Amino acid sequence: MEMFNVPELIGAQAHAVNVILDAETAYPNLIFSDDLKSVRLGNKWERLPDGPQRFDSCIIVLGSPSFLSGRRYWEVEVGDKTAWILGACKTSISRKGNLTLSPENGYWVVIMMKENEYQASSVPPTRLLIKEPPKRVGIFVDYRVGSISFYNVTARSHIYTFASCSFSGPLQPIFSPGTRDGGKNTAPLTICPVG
């Protein structure tokens, strides 16, 4: 897998799209900024209006826009957080119950599990050998070639590519700010403009 189509960071950043969080999808304890660029996990009693279309088990929120083609990029500040999920998914994913976030189930994501523990959510999962922890992560989808690539924006380096993906139908960004990790991981994710 030669990844001839996969750009370096600068080339990926050229394809930046404006992403906003879809609060109607969100797991109901997620809290959003007014501009819908930031999300964090609130307390149990901090509840969005319950609706039947929300994630109910997994601490997830989807992004807009969804798309059927092209090369699309966006960037997220993860800072010093100890856990998070980033990537893209099919718009048709199931939202209810314990989810398995795999390509077969329509997800292409990287997960920070804890400090110094990052995986691509292949099955089985692939440990990512990160030496300089990212404070900002870039996501680049090339629909036509069937690839989704992840970048350490801080180190200006590629992290991981899922190649030969079977993208069918619309894709969209997906995010999780992770669990609260005893207070270690309460900060938000923040979608940012390219630097």
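The numbering used is simple: start at 1 and walk along the sequence shown.
Taking only the CA atoms, which stretch has the higher mean B-factor in the record, 120 to 128 or 96 to 104? In the deposited entry, the stretch with the higher C-alpha B-factor mean is 96 to 104.
Mean temperature factor over C-alpha atoms, higher-scoring stretch between 106 to 114 and 87 to 95: So the stretch with the higher mean C-alpha B-factor is 87 to 95.
Specify which of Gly63, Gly51, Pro170, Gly138 carries the largest Cα B factor in the deposited PDB entry. Comparing C-alpha B-factors across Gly63, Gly51, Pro170, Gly138, the top value belongs to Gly51.
Sorting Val39, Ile148, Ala155, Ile159 by Cα temperature factor from the record, which one lands on top? Within the set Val39, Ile148, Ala155, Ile159, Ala155 shows the top C-alpha B-factor.
Name the third of the chain's ranked CA B-factors that contains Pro133, choosing lowest, middle or highest. Middle third by C-alpha B-factor.
Against its chain's modelled residues, does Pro188's Cα B factor rank lowest, middle or highest third? Lowest third, going by the recorded CA B-factors of the chain.
Ranking the modelled residues of this chain by C-alpha B-factor as given in the entry, is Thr25 in the lowest, middle or highest third? CA B-factor rank for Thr25: highest third.
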